[PDB]
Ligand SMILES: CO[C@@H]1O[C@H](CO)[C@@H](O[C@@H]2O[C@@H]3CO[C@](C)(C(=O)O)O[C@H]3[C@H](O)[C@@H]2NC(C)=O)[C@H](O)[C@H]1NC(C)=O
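Quick heads-up: it's one chain on its own, the form deposited without the ligand, in structure tokens.
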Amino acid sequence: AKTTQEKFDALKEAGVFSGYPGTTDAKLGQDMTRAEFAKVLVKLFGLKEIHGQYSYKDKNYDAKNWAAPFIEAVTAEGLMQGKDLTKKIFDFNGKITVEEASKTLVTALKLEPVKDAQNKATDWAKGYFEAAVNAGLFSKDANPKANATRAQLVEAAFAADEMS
């Protein structure tokens, strides 16, 4: 079985994840913004980027924001809808959590949420986290509410790619 690092290298060659300048360190212990994760989802699932459209009101969510085409693409695909509908806030600088990642991947893979699922996830997410655990995207001992580490995102993305 491939290590996290070998899984990363594969995803990177494929354009789905990136490294950092001037180092081979993949920084598997660090976190990831929701903007970057939207981009991961686009590259992982082969989605079309949507230019010149803005469905959120966050400060600096505009045409100069490199993430908008990715954010719009995952929004149009129904994978993500942001954090509150009435102010139209996506939170692109906020970090992706393991339960949030679970929802997007389970949805994209067309897997079904677990009903009556019992776990430590926020109420809205319990079914998606559990489904994700069952499909081997995250380990059952991951904290649904924590920022997902890049290592966790790599293992999820890799597993997701294998399933798709």
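Sequential numbering from 1, following the sequence displayed.
Only in words, not in the display: the form solved in complex with the ligand, which the text now covers.
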| property | result |
| --- | --- |
| Contact of residue 149 with the ligand in the bound PDB entry (heavy atom, 4.5 Å) | no |
| 4.5 Å heavy atom contact, residue 58 to the ligand in the bound PDB entry | no |
| is_contact(residue 42, the ligand) in the bound PDB entry, heavy atom dist at most 4.5 Å | no |
| Residue 18, heavy atom within 4.5 angstroms of the ligand in the bound PDB entry | yes |
